[PDB]
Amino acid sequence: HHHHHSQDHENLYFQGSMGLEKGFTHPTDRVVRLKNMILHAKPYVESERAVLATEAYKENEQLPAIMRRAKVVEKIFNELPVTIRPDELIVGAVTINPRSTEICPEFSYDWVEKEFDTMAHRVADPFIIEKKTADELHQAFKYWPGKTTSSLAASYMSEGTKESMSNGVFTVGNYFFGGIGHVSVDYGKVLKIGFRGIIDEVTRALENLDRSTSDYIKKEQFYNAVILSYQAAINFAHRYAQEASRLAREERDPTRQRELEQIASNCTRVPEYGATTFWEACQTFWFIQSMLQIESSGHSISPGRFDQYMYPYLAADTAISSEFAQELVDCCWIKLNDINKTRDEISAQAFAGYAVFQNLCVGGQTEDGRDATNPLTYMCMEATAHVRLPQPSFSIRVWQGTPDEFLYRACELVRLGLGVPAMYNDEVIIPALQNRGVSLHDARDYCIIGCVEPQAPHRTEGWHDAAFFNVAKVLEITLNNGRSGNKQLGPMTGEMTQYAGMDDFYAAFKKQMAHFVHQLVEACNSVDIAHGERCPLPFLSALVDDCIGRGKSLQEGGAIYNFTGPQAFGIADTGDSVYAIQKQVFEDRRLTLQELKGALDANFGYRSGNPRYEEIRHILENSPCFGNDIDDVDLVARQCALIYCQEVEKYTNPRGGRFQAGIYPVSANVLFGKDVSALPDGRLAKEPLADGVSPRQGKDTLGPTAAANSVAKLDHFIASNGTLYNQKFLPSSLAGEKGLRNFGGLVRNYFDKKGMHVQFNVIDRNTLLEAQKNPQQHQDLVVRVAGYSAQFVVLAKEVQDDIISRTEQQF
């Protein structure tokens, strides 16, 4: 076996001496220019994609939905503007201007128009809408009224489900206003066989159709839609091939001209055919990544195990230098930051930070249970250190057999303060996936979707961020006998003041949860039926088993595994609150039910000055908190979470799949706390809620190992759509080789104690405050929000302040 230049930087740093602190290499000037063109780019709204898809719909009213969507994607691939940026080796642009956003009106449209003037200036994720762009979208939007997926989904929902959503119990906005996404497709298949191979599987499947029944008629419509879609897709790359050549014929720099000529050649081979060089393999990867998000605005299109399916193309390519390979990976990380997505101004504040959540993980196990580290694994950590942009949502998997090298190199990278990589624990995830019926071998191949949601890749329709659900709000409502303000949203579970024990409250809590989770499932499933009836996707579907084999889209159940995953909010908030009641009322009998009720309704006297309240606030504010290794309060948080996770688990979706709870906040634990009044934990009305399964802001006081011991007491296995735990560290506390060993020691402890995930900010309290006071000088400060990272200066100030609010850990 001969030497390969992907080793040339590990015979240094890992196989040649040199204690745990090793530093990172520097990107080429080219990577630095590309990196900056993204940072300084002003995000616009563009019209070309929306108008082209609107026209495809008008011209094809009579086709079945699956063929209409093929006509949509063929018109867009054949006519969308083809843009190649200065300096890029990997080409393919969703928008003309960098880091801009298409509009997808097939899902929803009217907030875009309602917001033509206000979007340039709104608090969260503003975009610039040129006047000409507004006009063309105004003309396009005249087609859509009642013709959207959202409008259909609303008319499947009962009036009580919609009341509960109006009043902050829960929301299904994500897949209601936009596409689904949340998937890790079969990149490897396209790498080996290409779009042409996909076309050929479909010809074979079409030639073996059983035609002795009515069942062949729609399946044939699906197969023809696929073939048409990938004919347009092959065309889309040829279109880039041709513009590379046109740029090459007029380019004055000879080495840039030679690059452009090579890009043209690349786009002539891939993705239509299997890739033959690492450069092609990256171009295939990026064509898939971008084209998917042209076809639909669904985010969390996650590269997944990109170190595994790309590595064979790197090993075969002995021609290229170490640093060119690494430069190709860097351009891939920068292209990933070109994608953007606008949402209505309330949803923007929940997915804040120009974020499309495209998660990429490295390491882990093979399907045979062996460690899967390879040289590309490390090159991906290097690329993150080179580019230091919010995307990709870079990630590592960890198991008992993880090399210390890889956990130490990952910790070393985390210590840069970007929030990446996040860390996910095979030893909990694999068992959790098998419990939802994923096969052991498919389970071992898991990657992470979006923030923290695990999935057997190219095998799953996951719906991993279907809904946001406020467990704090359900507590509020349980204590007010099923009303929220002047609206009866839940059943009558007796008035609070007539509880005799904690048995009476838990039974009341279970009945409310059972009522609202059922409404959640209805709202979710109504969205599910609507995407199936009006927007099945022939392009996406071809890249997930077993769509092609079954002749059905992902939207109508062709995947092997099928899930729907709604997200709990305010878990620590709820558990601490329930515990305060349990000791400050029923055990220490230190205030009574009727004064709590009055204290809540009064908001602890935040306008009175009533000292019985401003001080039974203190009695509750100072009760034992989740996150301090105290079994009393931690097991109550375990129980409150299990109450949500065990209801969710009971339901099924129209694709033949199970609902499964996740626990993660994306950037909405501020926004959604506004929907809850004063709480028994002494939290005041409309105050933020706890991110993920993290303890409440600032109430874990016995240090990072006590906190992590608490979180691990929760049932992470049953929240198989994924849990999220944040920690923030003082940077001085992790410096040096003593820092890295403490740091890896913590992660090891937390994962052996069967938590699913953890990630870290590593930053000085004054660095964040400075970015606040002086935004124009900290454009590039990237920190971790929750399961993803963002430019801290684009976050609304109150989400900024919630990040500052978080407990600072020290060893």
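Residue indices: 1-based, along the sequence shown.
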When the C-alpha temperature factors are averaged for each of 670-678 and 188-196, which stretch ends up with the higher value in the entry?
670-678
Averaging the C-alpha temperature factors as deposited, the higher value of 449-457 versus 571-579 falls on 571-579
Residue selected from 79, 601, 327, 220 by maximal Cα B factor:
601
Which is it among 468, 176, 561, 499: the one with the largest CA B-factor in the entry?
499
Taking the chain's C-alpha temperature factors as the reference, tell me which third residue 46 falls into: lowest, middle or highest.
highest
Taking the chain's C-alpha temperature factors as the reference, tell me which third residue 791 falls into: lowest, middle or highest.
middle
Hey, what third does residue 532 fall into on Cα B-factor, ranked over its chain?
lowest
Split into thirds by Cα B-factor across the chain's modelled residues, where does residue 556 land: lowest, middle or highest?
lowest
Entry-reported C-alpha B-factor of residue 771 relative to its chain, by third, is highest
